[PDB]
$ cat work.txt   # compact mmCIF, C-alpha atoms and all ligand atoms
# COMPACT_ATOMS: atom_id res chain seq x y z
CA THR A 17 31.88 3.94 6.96
CA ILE A 18 28.22 3.06 7.49
CA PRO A 19 26.51 4.81 10.42
CA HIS A 20 24.78 2.56 12.93
CA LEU A 21 21.47 3.78 14.31
CA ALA A 22 19.23 2.50 17.09
CA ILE A 23 16.00 3.86 15.56
CA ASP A 24 13.31 1.16 15.44
CA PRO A 25 11.19 2.02 12.37
CA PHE A 26 8.61 -0.57 13.51
CA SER A 27 8.06 0.93 16.98
CA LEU A 28 4.82 2.61 18.01
CA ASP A 29 6.68 5.85 18.81
CA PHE A 30 8.02 5.87 15.24
CA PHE A 31 4.61 5.17 13.69
CA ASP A 32 3.10 7.93 15.83
CA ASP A 33 5.33 10.54 14.18
CA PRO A 34 7.92 9.19 11.74
CA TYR A 35 9.12 12.46 10.23
CA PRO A 36 11.97 13.46 12.58
CA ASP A 37 13.35 9.92 12.56
CA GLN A 38 13.05 9.76 8.76
CA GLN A 39 15.10 12.96 8.45
CA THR A 40 17.65 11.47 10.84
CA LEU A 41 17.85 8.36 8.62
CA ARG A 42 18.31 10.42 5.45
CA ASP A 43 20.85 12.81 6.90
CA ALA A 44 22.94 10.09 8.59
CA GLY A 45 24.07 8.95 5.13
CA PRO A 46 22.88 7.27 1.92
CA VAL A 47 23.10 3.84 3.62
CA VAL A 48 22.58 3.17 7.33
CA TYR A 49 22.70 0.04 9.46
CA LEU A 50 19.74 -0.50 11.82
CA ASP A 51 21.20 -2.28 14.86
CA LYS A 52 17.72 -3.05 16.24
CA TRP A 53 16.97 -5.57 13.47
CA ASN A 54 20.35 -6.17 11.74
CA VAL A 55 19.31 -4.75 8.38
CA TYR A 56 20.61 -2.04 6.10
CA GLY A 57 18.36 0.95 5.48
CA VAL A 58 18.01 3.48 2.67
CA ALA A 59 15.82 6.54 3.27
CA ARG A 60 16.83 8.98 0.48
CA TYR A 61 15.00 9.07 -2.84
CA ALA A 62 18.13 8.32 -4.91
CA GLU A 63 19.03 5.06 -3.15
CA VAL A 64 15.43 3.85 -2.76
CA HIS A 65 14.92 4.39 -6.51
CA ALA A 66 18.20 2.63 -7.29
CA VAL A 67 17.37 -0.40 -5.16
CA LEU A 68 13.85 -0.77 -6.60
CA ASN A 69 15.28 -0.65 -10.12
CA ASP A 70 17.91 -3.38 -9.68
CA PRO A 71 15.85 -6.52 -8.98
CA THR A 72 18.76 -8.81 -9.85
CA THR A 73 20.97 -7.52 -7.04
CA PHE A 74 18.15 -6.62 -4.64
CA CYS A 75 15.81 -9.56 -5.04
CA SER A 76 12.25 -10.22 -3.86
CA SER A 77 12.19 -14.06 -3.79
CA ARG A 78 13.81 -14.16 -0.34
CA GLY A 79 10.84 -12.11 0.93
CA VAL A 80 9.99 -8.40 0.95
CA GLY A 81 9.54 -8.44 4.73
CA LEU A 82 12.22 -8.77 7.37
CA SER A 83 12.24 -12.56 7.25
CA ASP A 84 14.68 -14.17 4.80
CA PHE A 85 12.94 -17.12 3.11
CA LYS A 86 16.36 -18.73 2.68
CA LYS A 87 16.66 -18.89 6.51
CA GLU A 88 13.06 -19.20 7.80
CA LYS A 89 9.86 -20.69 6.53
CA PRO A 90 7.41 -18.07 5.19
CA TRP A 91 4.28 -17.73 7.31
CA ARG A 92 2.22 -18.75 4.26
CA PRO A 93 3.20 -20.15 0.82
CA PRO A 94 5.11 -17.44 -1.04
CA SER A 95 3.32 -15.09 -3.37
CA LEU A 96 3.82 -15.90 -7.05
CA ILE A 97 4.23 -12.21 -7.93
CA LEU A 98 5.33 -10.02 -5.00
CA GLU A 99 7.79 -12.63 -3.66
CA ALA A 100 9.14 -13.80 -7.04
CA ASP A 101 11.99 -12.59 -9.23
CA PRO A 102 12.27 -12.58 -13.02
CA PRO A 103 11.77 -14.77 -14.86
CA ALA A 104 9.27 -16.63 -12.63
CA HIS A 105 7.66 -13.25 -11.83
CA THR A 106 7.07 -12.25 -15.46
CA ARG A 107 4.06 -14.25 -16.58
CA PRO A 108 2.03 -14.01 -13.32
CA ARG A 109 2.64 -10.25 -13.52
CA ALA A 110 1.46 -10.21 -17.13
CA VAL A 111 -1.77 -11.95 -16.12
CA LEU A 112 -2.61 -9.57 -13.28
CA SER A 113 -1.79 -6.67 -15.61
CA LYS A 114 -4.38 -7.91 -18.10
CA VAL A 115 -6.92 -8.65 -15.36
CA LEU A 116 -6.53 -5.15 -13.91
CA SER A 117 -6.26 -3.50 -17.31
CA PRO A 118 -7.59 -0.29 -18.82
CA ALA A 119 -10.41 -2.33 -20.37
CA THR A 120 -11.40 -3.70 -16.98
CA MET A 121 -11.31 -0.15 -15.63
CA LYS A 122 -13.65 0.94 -18.40
CA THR A 123 -16.05 -1.85 -17.43
CA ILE A 124 -16.16 -0.92 -13.73
CA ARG A 125 -15.72 2.89 -13.71
CA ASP A 126 -19.37 3.90 -13.94
CA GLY A 127 -20.37 1.63 -11.04
CA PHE A 128 -17.39 2.70 -8.94
CA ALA A 129 -18.27 6.36 -9.50
CA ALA A 130 -21.98 5.85 -8.70
CA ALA A 131 -21.03 4.08 -5.46
CA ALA A 132 -18.73 6.97 -4.54
CA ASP A 133 -21.38 9.62 -5.18
CA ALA A 134 -23.92 7.55 -3.25
CA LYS A 135 -21.62 7.18 -0.23
CA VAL A 136 -20.90 10.93 -0.03
CA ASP A 137 -24.61 11.75 -0.32
CA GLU A 138 -25.30 9.28 2.49
CA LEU A 139 -22.54 10.76 4.64
CA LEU A 140 -23.87 14.29 4.06
CA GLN A 141 -27.21 13.18 5.53
CA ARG A 142 -25.39 12.31 8.79
CA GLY A 143 -23.12 15.39 8.82
CA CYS A 144 -20.73 14.11 11.48
CA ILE A 145 -19.06 10.85 10.45
CA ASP A 146 -15.89 8.83 10.96
CA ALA A 147 -13.89 9.27 7.76
CA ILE A 148 -12.17 5.90 8.38
CA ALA A 149 -14.98 3.41 9.14
CA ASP A 150 -17.67 5.33 7.30
CA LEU A 151 -15.76 6.38 4.17
CA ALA A 152 -12.20 5.06 3.75
CA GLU A 153 -13.35 1.56 4.76
CA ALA A 154 -17.03 1.59 3.75
CA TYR A 155 -16.48 2.77 0.19
CA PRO A 156 -13.87 0.12 -0.82
CA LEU A 157 -15.99 -2.51 0.97
CA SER A 158 -18.95 -1.43 -1.20
CA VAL A 159 -17.11 -1.93 -4.54
CA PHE A 160 -14.03 -4.14 -4.30
CA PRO A 161 -15.42 -7.46 -2.95
CA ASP A 162 -18.14 -7.31 -5.59
CA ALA A 163 -15.59 -6.50 -8.32
CA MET A 164 -13.60 -9.56 -7.14
CA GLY A 165 -16.73 -11.72 -7.44
CA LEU A 166 -16.81 -12.71 -3.75
CA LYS A 167 -19.93 -14.04 -2.08
CA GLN A 168 -21.47 -11.85 0.63
CA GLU A 169 -20.86 -14.23 3.53
CA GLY A 170 -17.48 -13.89 5.22
CA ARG A 171 -16.37 -10.50 3.89
CA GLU A 172 -15.71 -9.43 7.49
CA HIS A 173 -12.53 -11.56 7.22
CA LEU A 174 -11.02 -9.37 4.47
CA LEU A 175 -9.72 -6.40 6.48
CA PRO A 176 -8.39 -8.64 9.30
CA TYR A 177 -6.57 -10.80 6.75
CA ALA A 178 -5.00 -7.74 5.12
CA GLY A 179 -3.92 -6.38 8.49
CA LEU A 180 -2.21 -9.73 9.10
CA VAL A 181 -0.48 -9.72 5.68
CA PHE A 182 0.84 -6.21 6.20
CA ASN A 183 1.92 -6.79 9.81
CA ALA A 184 3.68 -10.01 8.70
CA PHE A 185 6.12 -8.13 6.45
CA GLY A 186 7.44 -6.57 9.67
CA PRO A 187 9.91 -7.86 12.24
CA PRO A 188 8.78 -10.36 14.88
CA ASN A 189 7.44 -7.66 17.20
CA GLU A 190 4.16 -7.92 19.09
CA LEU A 191 2.15 -6.47 16.19
CA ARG A 192 3.33 -9.32 13.97
CA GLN A 193 3.19 -12.10 16.49
CA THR A 194 -0.32 -11.14 17.65
CA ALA A 195 -1.56 -11.02 14.04
CA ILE A 196 -0.22 -14.49 13.26
CA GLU A 197 -1.70 -15.86 16.49
CA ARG A 198 -5.19 -14.83 15.32
CA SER A 199 -4.74 -15.69 11.64
CA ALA A 200 -6.19 -19.17 11.24
CA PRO A 201 -9.89 -18.32 10.50
CA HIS A 202 -8.96 -15.49 8.11
CA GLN A 203 -6.52 -17.69 6.19
CA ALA A 204 -9.16 -20.41 5.97
CA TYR A 205 -11.78 -18.06 4.54
CA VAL A 206 -9.39 -16.42 2.05
CA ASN A 207 -7.88 -19.65 0.80
CA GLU A 208 -11.38 -21.01 0.17
CA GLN A 209 -12.58 -17.98 -1.82
CA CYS A 210 -9.57 -18.36 -4.12
CA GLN A 211 -11.01 -21.51 -5.73
CA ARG A 212 -12.64 -21.11 -9.13
CA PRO A 213 -16.21 -22.21 -8.17
CA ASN A 214 -16.40 -19.55 -5.44
CA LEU A 215 -15.66 -16.54 -7.73
CA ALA A 216 -18.60 -14.98 -9.53
CA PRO A 217 -18.58 -14.70 -13.34
CA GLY A 218 -17.01 -11.56 -14.76
CA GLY A 219 -15.13 -10.53 -11.60
CA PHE A 220 -11.39 -10.22 -11.14
CA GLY A 221 -11.14 -13.67 -9.57
CA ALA A 222 -12.93 -15.45 -12.41
CA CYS A 223 -10.76 -13.55 -14.89
CA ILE A 224 -7.57 -14.84 -13.25
CA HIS A 225 -8.86 -18.41 -13.52
CA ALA A 226 -9.84 -17.71 -17.14
CA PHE A 227 -6.18 -16.91 -17.95
CA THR A 228 -5.00 -20.40 -16.99
CA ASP A 229 -5.13 -21.78 -20.53
CA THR A 230 -2.84 -19.35 -22.37
CA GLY A 231 0.48 -20.81 -21.24
CA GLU A 232 1.08 -17.85 -18.92
CA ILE A 233 -0.17 -19.53 -15.70
CA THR A 234 -1.51 -22.98 -14.92
CA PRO A 235 -4.76 -23.73 -13.06
CA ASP A 236 -2.83 -24.53 -9.86
CA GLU A 237 -1.33 -20.99 -9.90
CA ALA A 238 -4.67 -19.20 -10.13
CA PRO A 239 -5.75 -19.56 -6.45
CA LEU A 240 -2.55 -17.95 -5.19
CA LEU A 241 -2.93 -15.05 -7.64
CA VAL A 242 -6.50 -14.52 -6.45
CA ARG A 243 -4.91 -14.59 -2.99
CA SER A 244 -2.64 -11.72 -4.08
CA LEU A 245 -5.65 -9.53 -4.89
CA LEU A 246 -7.49 -10.49 -1.72
CA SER A 247 -4.34 -9.64 0.24
CA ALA A 248 -3.56 -6.32 -1.45
CA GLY A 249 -6.58 -4.83 -3.09
CA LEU A 250 -8.70 -3.62 -0.16
CA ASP A 251 -6.56 -2.33 2.72
CA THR A 252 -4.28 -0.39 0.36
CA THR A 253 -7.22 1.62 -0.97
CA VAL A 254 -8.60 2.10 2.57
CA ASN A 255 -5.37 3.80 3.55
CA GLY A 256 -4.96 5.66 0.25
CA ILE A 257 -8.46 7.13 0.43
CA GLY A 258 -8.01 7.77 4.15
CA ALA A 259 -4.73 9.57 3.41
CA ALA A 260 -6.44 11.79 0.82
CA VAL A 261 -9.36 12.69 3.09
CA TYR A 262 -7.00 13.39 5.99
CA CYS A 263 -4.96 15.66 3.71
CA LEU A 264 -8.07 17.54 2.60
CA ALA A 265 -9.21 17.88 6.23
CA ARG A 266 -5.87 19.36 7.28
CA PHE A 267 -5.40 21.61 4.20
CA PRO A 268 -8.69 23.41 3.50
CA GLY A 269 -7.01 25.62 0.92
CA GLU A 270 -6.42 22.50 -1.18
CA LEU A 271 -10.00 21.30 -0.70
CA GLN A 272 -11.09 24.68 -2.01
CA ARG A 273 -8.84 24.33 -5.06
CA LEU A 274 -10.23 20.83 -5.65
CA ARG A 275 -13.83 22.09 -5.41
CA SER A 276 -13.10 24.75 -8.03
CA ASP A 277 -11.71 22.18 -10.50
CA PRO A 278 -12.91 18.61 -9.85
CA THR A 279 -10.71 17.37 -12.67
CA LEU A 280 -7.83 17.78 -10.16
CA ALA A 281 -9.25 14.71 -8.30
CA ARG A 282 -6.83 12.20 -9.80
CA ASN A 283 -3.74 14.31 -9.05
CA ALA A 284 -5.08 15.19 -5.60
CA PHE A 285 -5.18 11.46 -4.84
CA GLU A 286 -1.72 10.91 -6.32
CA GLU A 287 -0.27 13.70 -4.16
CA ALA A 288 -1.96 12.14 -1.12
CA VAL A 289 -0.18 8.87 -1.96
CA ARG A 290 3.14 10.72 -2.11
CA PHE A 291 2.48 12.87 0.96
CA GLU A 292 1.29 10.14 3.31
CA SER A 293 2.84 7.11 1.56
CA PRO A 294 0.30 4.64 3.05
CA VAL A 295 2.62 1.81 2.02
CA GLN A 296 5.64 2.85 4.07
CA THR A 297 8.33 0.21 3.65
CA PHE A 298 9.47 -2.87 1.80
CA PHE A 299 12.61 -4.98 2.00
CA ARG A 300 14.90 -6.57 -0.58
CA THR A 301 17.66 -9.15 -0.09
CA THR A 302 21.09 -8.78 -1.73
CA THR A 303 22.10 -11.61 -4.06
CA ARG A 304 25.78 -10.49 -4.15
CA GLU A 305 28.17 -8.05 -2.59
CA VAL A 306 27.22 -4.61 -3.91
CA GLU A 307 28.26 -0.98 -3.63
CA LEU A 308 25.34 1.34 -2.92
CA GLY A 309 25.80 5.05 -2.26
CA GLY A 310 29.47 4.45 -1.46
CA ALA A 311 28.92 1.63 1.06
CA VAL A 312 29.62 -2.07 0.51
CA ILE A 313 26.78 -4.46 1.38
CA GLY A 314 27.52 -8.18 1.52
CA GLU A 315 25.50 -10.99 -0.05
CA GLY A 316 22.37 -12.23 1.69
CA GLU A 317 21.65 -8.96 3.54
CA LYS A 318 18.23 -7.44 4.07
CA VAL A 319 17.78 -3.86 2.83
CA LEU A 320 14.86 -1.79 4.14
CA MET A 321 13.55 0.86 1.72
CA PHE A 322 11.73 3.81 3.29
CA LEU A 323 9.26 4.69 0.51
CA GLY A 324 7.59 7.44 2.56
CA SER A 325 10.93 9.03 3.45
CA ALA A 326 11.96 8.91 -0.21
CA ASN A 327 8.70 10.71 -1.01
CA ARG A 328 9.60 13.54 1.38
CA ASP A 329 13.32 13.78 0.59
CA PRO A 330 14.20 17.47 0.03
CA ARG A 331 17.05 16.34 -2.22
CA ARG A 332 14.30 15.33 -4.67
CA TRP A 333 11.19 17.38 -3.81
CA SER A 334 10.53 21.09 -3.40
CA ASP A 335 8.52 21.79 -0.22
CA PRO A 336 8.20 18.03 0.42
CA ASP A 337 6.07 18.51 3.53
CA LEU A 338 3.38 20.50 1.71
CA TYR A 339 0.28 18.83 0.30
CA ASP A 340 -0.05 20.37 -3.20
CA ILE A 341 -2.77 18.98 -5.45
CA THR A 342 -1.20 20.53 -8.58
CA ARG A 343 2.30 19.15 -7.81
CA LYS A 344 4.12 17.27 -10.56
CA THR A 345 4.09 13.95 -8.70
CA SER A 346 5.58 11.77 -11.44
CA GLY A 347 8.47 9.77 -10.03
CA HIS A 348 7.18 9.35 -6.50
CA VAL A 349 7.73 5.83 -5.18
CA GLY A 350 4.45 5.38 -3.27
CA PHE A 351 3.45 2.66 -5.79
CA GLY A 352 6.99 1.35 -6.13
CA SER A 353 9.20 1.58 -9.20
CA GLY A 354 10.40 -0.89 -11.78
CA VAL A 355 9.33 -4.45 -12.45
CA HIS A 356 7.20 -4.80 -9.29
CA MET A 357 5.52 -1.38 -9.54
CA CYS A 358 1.99 -1.68 -8.20
CA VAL A 359 0.05 -3.76 -10.72
CA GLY A 360 -3.15 -2.66 -9.00
CA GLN A 361 -2.43 1.07 -9.33
CA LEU A 362 -5.24 1.61 -11.86
CA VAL A 363 -7.80 0.21 -9.39
CA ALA A 364 -6.31 2.33 -6.59
CA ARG A 365 -6.34 5.51 -8.69
CA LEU A 366 -9.87 4.83 -10.00
CA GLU A 367 -11.27 4.50 -6.47
CA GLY A 368 -9.34 7.53 -5.22
CA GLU A 369 -10.32 9.66 -8.20
CA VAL A 370 -14.04 8.92 -8.09
CA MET A 371 -14.17 9.44 -4.33
CA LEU A 372 -12.34 12.78 -4.49
CA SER A 373 -14.55 13.80 -7.44
CA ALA A 374 -17.65 13.12 -5.33
CA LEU A 375 -16.20 15.19 -2.46
CA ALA A 376 -15.17 18.00 -4.81
CA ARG A 377 -18.69 18.25 -6.23
CA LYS A 378 -20.74 17.67 -3.06
CA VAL A 379 -18.80 18.96 -0.01
CA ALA A 380 -17.96 22.53 0.96
CA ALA A 381 -15.89 21.85 4.08
CA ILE A 382 -14.30 18.94 5.96
CA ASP A 383 -13.62 19.84 9.60
CA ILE A 384 -12.01 17.50 12.11
CA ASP A 385 -14.41 17.45 15.04
CA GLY A 386 -13.24 14.66 17.35
CA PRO A 387 -10.06 12.94 18.58
CA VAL A 388 -7.89 11.56 15.77
CA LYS A 389 -6.61 8.03 16.47
CA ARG A 390 -3.78 6.40 14.56
CA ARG A 391 -3.81 2.77 13.43
CA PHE A 392 -0.52 0.92 13.99
CA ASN A 393 0.72 -1.58 11.42
CA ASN A 394 4.21 -2.71 10.48
CA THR A 395 3.78 -1.73 6.80
CA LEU A 396 0.72 0.56 6.48
CA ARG A 397 0.46 4.18 7.65
CA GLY A 398 -3.05 5.41 8.34
CA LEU A 399 -5.71 6.26 10.86
CA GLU A 400 -8.04 4.22 13.03
CA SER A 401 -10.57 7.00 13.45
CA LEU A 402 -10.98 10.40 11.78
CA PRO A 403 -14.06 12.26 13.08
CA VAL A 404 -15.15 14.96 10.64
CA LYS A 405 -18.10 17.18 10.01
CA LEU A 406 -18.94 17.38 6.30
CA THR A 407 -20.65 20.59 5.20
CA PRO A 408 -22.74 20.23 2.03
CA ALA A 409 -21.92 22.43 -0.95
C1 LIG B 501 -3.06 3.49 -2.78
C2 LIG B 501 -3.05 2.17 -3.00
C3 LIG B 501 -1.79 1.31 -3.23
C4 LIG B 501 -0.51 1.59 -2.96
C5 LIG B 501 0.05 2.87 -2.28
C6 LIG B 501 0.30 0.44 -3.37
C7 LIG B 501 1.67 0.31 -3.27
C8 LIG B 501 2.40 -0.73 -3.86
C9 LIG B 501 3.84 -0.85 -3.87
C10 LIG B 501 4.79 0.15 -3.20
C11 LIG B 501 4.17 -1.98 -4.53
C12 LIG B 501 5.62 -2.47 -4.80
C13 LIG B 501 5.98 -3.70 -3.98
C14 LIG B 501 7.43 -4.03 -4.17
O1 LIG B 501 8.15 -3.31 -4.92
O2 LIG B 501 7.90 -5.04 -3.55
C15 LIG B 501 2.94 -2.61 -4.97
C16 LIG B 501 2.85 -3.82 -5.67
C17 LIG B 501 1.70 -4.53 -5.88
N1 LIG B 501 0.40 -4.08 -5.65
FE1 LIG B 501 -0.09 -2.26 -4.83
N2 LIG B 501 -0.55 -0.50 -3.91
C18 LIG B 501 -1.84 -0.01 -3.85
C19 LIG B 501 -2.97 -0.63 -4.33
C20 LIG B 501 -3.08 -1.88 -4.86
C21 LIG B 501 -4.31 -2.51 -5.30
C22 LIG B 501 -5.69 -1.84 -5.23
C23 LIG B 501 -4.02 -3.76 -5.71
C24 LIG B 501 -4.96 -4.83 -6.30
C25 LIG B 501 -6.16 -4.56 -6.81
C26 LIG B 501 -2.59 -3.92 -5.60
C27 LIG B 501 -1.86 -5.04 -5.93
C28 LIG B 501 -0.48 -5.08 -6.00
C29 LIG B 501 0.30 -6.20 -6.44
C30 LIG B 501 -0.34 -7.53 -6.89
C31 LIG B 501 1.60 -5.90 -6.37
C32 LIG B 501 2.77 -6.81 -6.76
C33 LIG B 501 3.29 -6.39 -8.13
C34 LIG B 501 4.53 -7.16 -8.51
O3 LIG B 501 5.22 -7.74 -7.61
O4 LIG B 501 4.85 -7.17 -9.73
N3 LIG B 501 -2.06 -2.78 -5.07
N4 LIG B 501 1.89 -1.83 -4.53
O1 LIG B 502 -0.02 -11.72 -1.71
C1 LIG B 502 0.52 -10.98 -2.55
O2 LIG B 502 0.98 -11.35 -3.65
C2 LIG B 502 0.58 -9.50 -2.26
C3 LIG B 502 0.37 -8.98 -0.97
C4 LIG B 502 0.42 -7.59 -0.78
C5 LIG B 502 0.69 -6.76 -1.89
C6 LIG B 502 0.76 -5.23 -1.80
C7 LIG B 502 1.34 -4.54 -0.75
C8 LIG B 502 1.31 -3.14 -0.82
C9 LIG B 502 0.73 -2.48 -1.89
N1 LIG B 502 0.21 -3.19 -2.87
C10 LIG B 502 0.19 -4.50 -2.85
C11 LIG B 502 0.91 -7.32 -3.15
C12 LIG B 502 0.86 -8.69 -3.35
CL CL B 503 -3.79 -17.43 3.44
$ encode --input "work.txt" --output "C-alpha cells"
Amino acid sequence: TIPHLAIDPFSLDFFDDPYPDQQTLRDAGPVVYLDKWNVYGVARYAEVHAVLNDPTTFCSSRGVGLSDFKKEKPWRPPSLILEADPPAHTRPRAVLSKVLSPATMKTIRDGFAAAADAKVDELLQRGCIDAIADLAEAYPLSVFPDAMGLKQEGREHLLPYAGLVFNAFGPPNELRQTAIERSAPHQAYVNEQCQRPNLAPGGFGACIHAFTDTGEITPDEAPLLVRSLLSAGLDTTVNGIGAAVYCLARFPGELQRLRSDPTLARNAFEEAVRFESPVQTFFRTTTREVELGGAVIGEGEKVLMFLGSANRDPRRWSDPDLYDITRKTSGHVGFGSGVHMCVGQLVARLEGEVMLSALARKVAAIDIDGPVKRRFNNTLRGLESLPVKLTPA
C-alpha cells in the first residue's frame, strides 16, 4: 500500500537540489515510507496541512526532529513551546505571542527600518558584496540581539548555536553529530544570557521574565522561553532574507516590479518564504493508529512533513516554481499551520519587509557576480555565499 523510497532527504545531494526528489516524493503517493531513516513522509500540500492541523494525533512533545523523546534523551532540555502539546503548550505560547505582539512591532519598527536603510546605503558604497555575510547575516545581527536585550560580548555564539539547534532536529548524520560535538561553549553562553539579570530592560528577554507573575508562566520557565527566541529568532531571518535576495537576484523582472511599487515588499518577502521555504522540514509523532491519505500509520511513528515540497505542490499552486511577488500566498505552510504556527512571524515579516523596502527604494539591479555556495543544514535551506553587485538607483 505505502511506497518505500530510498531517498535520503538529509543528504548533501538532496540539499544541493531537492526539487526532483520532492516531486518524486509527492508523486509516489500521499504517504511514503523512507527506508533510510524508518519514518513516514508526507510531501503534498493536502497531507502536510492535515498533519499540522491535528496536534492530538500528530504530537510535538515526543520531539519535532527525528529523535523520539519517548525512546532517547533530548540533546538539551525540551522546549516549553515547540516541543510541547496542548494544554502545556498553551500558556507559554500565549506569553510569546504577547511578547512578540503588534504593539512590540510598533515599538521597534522605526529602528528596524532605519537599520535596513543604513545597511543598504553602506552596501551600495561597496558595490560588490556577499549578500549572505554582508546583508542576510549582518542586518539581523544589527537589530535582533539588541531587540532581545543581549549584551555585546559573546554574540558570535548566536549563529553557531542556531546552526546546532537546526542540525539537531535532523537524523544522526555527520552534520548533526559534528554540531553536537562542538556545542558546549555555545550552550553555555546561551543558557547564561537567558537569566533575568543578563537581559536589558525593555527587550524581548526582559519582557518574557516580566510575564512570570500573571499565572501564565512561572519564573523558572522564563529562561527556557528566552532560550526559544535565542534558538529561533536569528537564523530563521538570515535564511528568509537570504531567500528573498536570492529570488530578486535570479528574477530581475520581479525586482523591477518591486522597485515600481515598494509597498509590494511585504508580499515579496512572503512569496520568498513560500518559494524557498527556508524552514524545510519538521516531524511529528503519532499518538495512535491513524489513517492519513488512505494509508494506516501505527502509534508511536515519526512523520516527516516536507514544508517546502508542500509549498511547491502543483495540486495546490499555479506555476509553483515561479517567484511571483503579487501571488496570493495565503495558505502557504512556510511558517507552519495551526497551533504551533510561527509565533515569531511578525518579527520575521517586519525584518523582511523593511529590508526589501530599502532595496526597492535604493537599488536598481542585483547581479550575481561570483560563485554561489550553498550552506548545508538538516532543517534550514539557504546559501553560504551569494556574491552580488548592487547598482544604485
Ligand atoms: C522567515 C522566518 C521564519 C520562518 C520561515 C519560520 C518557520 C516556522 C515554522 C514552520 C514553525 C512551526 C514549527 C512546528 O509546527 O513544529 C515555527 C514556529 C516557531 N517559530 Fe518561527 N519561523 C521564522 C521566524 C521566527 C522568528 C523570527 C522567531 C522569533 C523571534 C520564531 C520563533 C518561533 C517559535 C517560538 C515557534 C514555536 C511556536 C509554537 O510551537 O507554538 N520564528 N516557525
Ligand atoms: O527552542 C525552541 O523553543 C525553538 C527552536 C526553534 C524554533 C523554530 C524553528 C523554525 C522556525 N521558527 C522557529 C522554535 C522554537
Ligand atoms: Cl542550550
$ closest_residue --input "work.txt" --among "A:164, A:152, A:371, A:284" --to "residue 343 in chain A" --atoms "only C-alpha atoms"
A:284
$ residues_near_point --input "work.txt" --point "(12.0, -4.1, -9.4)" --cutoff "7 Å" --atoms "only C-alpha atoms" --output "ChimeraX atom specification"
/A:68-71,353-356
$ residues_near_point --input "work.txt" --point "(14.1, -10.4, -1.2)" --cutoff "8 Å" --atoms "only C-alpha atoms" --output "short mmCIF file (atom, residue, chain, number, x, y, z; two decimals) with C-alpha atoms, in the frame of the given file"
data_model
loop_
_atom_site.label_atom_id
_atom_site.label_comp_id
_atom_site.auth_asym_id
_atom_site.auth_seq_id
_atom_site.Cartn_x
_atom_site.Cartn_y
_atom_site.Cartn_z
CA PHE A 74 18.15 -6.62 -4.64
CA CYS A 75 15.81 -9.56 -5.04
CA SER A 76 12.25 -10.22 -3.86
CA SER A 77 12.19 -14.06 -3.79
CA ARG A 78 13.81 -14.16 -0.34
CA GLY A 79 10.84 -12.11 0.93
CA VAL A 80 9.99 -8.40 0.95
CA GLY A 81 9.54 -8.44 4.73
CA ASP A 84 14.68 -14.17 4.80
CA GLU A 99 7.79 -12.63 -3.66
CA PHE A 299 12.61 -4.98 2.00
CA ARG A 300 14.90 -6.57 -0.58
CA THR A 301 17.66 -9.15 -0.09
CA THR A 302 21.09 -8.78 -1.73
CA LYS A 318 18.23 -7.44 4.07
#
$ closest_residue --input "work.txt" --among "A:44, A:104, A:131, A:145" --to "residue 403 in chain A" --atoms "all atoms listed in the file"
A:145
$ closest_residue --input "work.txt" --among "A:170, A:360, A:235, A:34" --to "residue 117 in chain A" --atoms "all atoms listed in the file"
A:360
$ residues_near_ligand --input "work.txt" --ligand "ligand LIG 502 (chain B)" --cutoff "10 Å" --atoms "all atoms listed in the file" --output "PyMOL selection string"
chain A and resi 80+92-100+178+181-182+185+240-253+294-298+350-352+356-361+364+395-396
$ residues_near_ligand --input "work.txt" --ligand "ligand CL 503 (chain B)" --cutoff "7 Å" --atoms "only C-alpha atoms and all ligand atoms" --output "list in words"
residues 92, 203, 204, 206 and 207 of chain A
$ closest_residue --input "work.txt" --among "A:400, A:307, A:367, A:169" --to "residue 146 in chain A" --atoms "only C-alpha atoms"
A:400
$ residues_around --input "work.txt" --residues "residue 188 in chain A" --least-positions-apart "6" --cutoff "12 Å" --atoms "only C-alpha atoms" --output "list in words"
residues 26, 27, 52, 53, 81, 82, 83, 91, 194, 195, 196, 197 and 394 of chain A
$ closest_residue --input "work.txt" --among "A:141, A:199, A:113, A:158" --to "residue 127 in chain A" --atoms "only C-alpha atoms"
A:158
$ closest_residue --input "work.txt" --among "A:180, A:349, A:226, A:215" --to "ligand LIG 501 (chain B)" --atoms "all atoms listed in the file"
A:349
$ atom_distance --input "work.txt" --atom1 "CA of residue 256 in chain A" --atom2 "CA of residue 389 in chain A"
16.5 Å
$ residues_around --input "work.txt" --residues "residue 231 in chain A" --least-positions-apart "4" --cutoff "12 Å" --atoms "only C-alpha atoms" --output "PyMOL selection string"
chain A and resi 107-108+110-111+226-227+235+237
$ atom_distance --input "work.txt" --atom1 "CA of residue 39 in chain A" --atom2 "CA of residue 324 in chain A"
11.0 Å
$ atom_distance --input "work.txt" --atom1 "CA of residue 390 in chain A" --atom2 "CA of residue 150 in chain A"
15.7 Å
$ decode --input "work.txt" --residues "range 389-395 of chain A" --atoms "N, CA and C atoms" --output "tab-separated table (two decimals), in the first residue's frame"
chain	number	residue	atom	x	y	z
A	389	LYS	N	27.54	29.56	-3.28
A	389	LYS	CA	27.86	28.41	-2.45
A	389	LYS	C	26.69	28.15	-1.52
A	390	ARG	N	26.25	26.90	-1.46
A	390	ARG	CA	25.12	26.54	-0.61
A	390	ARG	C	25.61	26.18	0.78
A	391	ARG	N	24.77	26.48	1.77
A	391	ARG	CA	25.02	26.10	3.16
A	391	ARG	C	24.17	24.88	3.48
A	392	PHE	N	24.79	23.84	4.05
A	392	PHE	CA	24.08	22.59	4.31
A	392	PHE	C	23.70	22.49	5.78
A	393	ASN	N	22.43	22.17	6.03
A	393	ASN	CA	21.87	22.12	7.37
A	393	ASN	C	20.67	21.18	7.30
A	394	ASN	N	20.48	20.38	8.35
A	394	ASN	CA	19.44	19.37	8.32
A	394	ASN	C	18.04	19.94	8.28
A	395	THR	N	17.83	21.20	8.69
A	395	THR	CA	16.50	21.78	8.69
A	395	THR	C	16.38	23.01	7.80
